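Undergrad: Line by line, the protein sequences are chains H and B. Heads up: the first sequence at position 46 corresponds to 201 in the entry's author numbering, and the numbers run straight through without jumps. Heads up: the second sequence at position 98 corresponds to 898 in the entry's author numbering, and the numbers run straight through without jumps. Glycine is no exception: its CB is placed at the ideal position from the N, C-alpha and C atoms. Structure incoming, see below.
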Amino acid sequence: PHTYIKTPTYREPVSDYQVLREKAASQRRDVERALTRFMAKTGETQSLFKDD
Amino acid sequence: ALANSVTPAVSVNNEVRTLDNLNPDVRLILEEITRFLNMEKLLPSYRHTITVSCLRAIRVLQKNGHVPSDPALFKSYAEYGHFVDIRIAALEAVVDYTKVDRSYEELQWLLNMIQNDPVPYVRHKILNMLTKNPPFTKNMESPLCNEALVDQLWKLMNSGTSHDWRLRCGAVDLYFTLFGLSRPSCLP
């Protein structure tokens, strides 16, 4: 085959509903955590504990 | 639903609520209500319904031994300026705090807010909530049963609420709930 046979090949597609739900959920949770920590650090802040 | 799951914490020797004794269950709840309240500060909902629910849940966590019993957050949300819904949720939390912690200065804060607030519906609602969840009843011996409080509430019935006809009936209801139909007992 190597002498004259060519087939294109693609990357492995992840079409799984479980891991797609997990990826979208974790990315949404991480971006909202990053956003709220950035907005609490660059403004007036409150805390339940002391100097927390 | 997150606020309904909160059971009273197992404080040992009145240990100060600090990070070490934070329940592993309540840390997830507290992270979620912090995320929800902060996201409401940037993308607000309808009726600030999530602000009202998160203030109610923080008061639930404070009613058990999880968050320190501090009314400063609710006092900042009750400052003339948060949704009238935010305002009445925060004032409900302050009324519950001054019932449980027997706070004198919070009761004077609430009575001052009854006397001079711009919105009269909020004044009527503060008198209503302080009637429904009173800081003391007539049967209770409390530290807040001075002659000074009897004189303040009699001055609030007599003068002070003379301009509304609904604040005066609310002050009559509050005096009835606190001191009853006879002479205030805690008096010379």
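Hey, how far is the Cα of residue 163(H) from the Cα of residue 169(H)?
TA: Taking the first residue of the first sequence as position 1, residue 163(H) is located at position 8. Taking the first residue of the first sequence as position 1, residue 169(H) is located at position 14. Between residue 163(H) and residue 169(H), the C-alpha separation is close to 19 Å.
Undergrad: For residue 873(B), which residues in chain H fall below 8 Å Cβ to Cβ?
TA: Position 73 of the second sequence, counted from the start, is the residue given in the question as residue 873(B). What residue 873(B) touches in chain H: 201.
Undergrad: Taking only the alpha-carbon atoms, compute the straight-line gap between residue 961(B) and residue 807(B) and give it to the nearest angstrom.
TA: As a first step, residue 961(B) must be located in the second sequence, where it is residue number 161. As a first step, residue 807(B) must be located in the second sequence, where it is residue number 7. Each residue's alpha carbon lies about 41 Å from the other.
Undergrad: Does the Cβ-Cβ distance between residue 834(B) and residue 191(H) come in under 9 Å?
TA: Working through the second sequence from its first residue, we reach residue 834(B) at position 34. Working through the first sequence from its first residue, we reach residue 191(H) at position 36. Their beta carbons are under 9 Å apart, which means residue 834(B) touches residue 191(H) by this criterion.
Undergrad: Note down, in chain order, every chain B residue with its Cβ under 7 Å from the Cβ of residue 204(H).
TA: Numbered from 1 along the first sequence, position 49 holds the residue referred to as residue 204(H). Here the neighbours are 818, 819.
Undergrad: Please say whether residue 985(B) and residue 945(B) have beta carbons closer to each other than 9 Å?
TA: The count along the second sequence starts at 1 and reaches residue 945(B) at position 145. The count along the second sequence starts at 1 and reaches residue 985(B) at position 185. Against a cut-off of 9 Å, the Cβ pair of residue 985(B) and residue 945(B) comes out as a contact.
Undergrad: Around the Cβ of residue 872(B), are there at least 16 other Cβ atoms within 10 angstroms (buried) or fewer (exposed)?
TA: On the second sequence, residue 872(B) is found 72 positions in, with the first residue counted as 1. Exposed, by the Cβ-count rule.
Undergrad: If you reduce the DSSP assignment to three classes, tell me which class residue 165(H) lands in.
TA: Against the first sequence, residue 165(H) aligns to sequence position 10. Here residue 165(H) sits in coil by DSSP.
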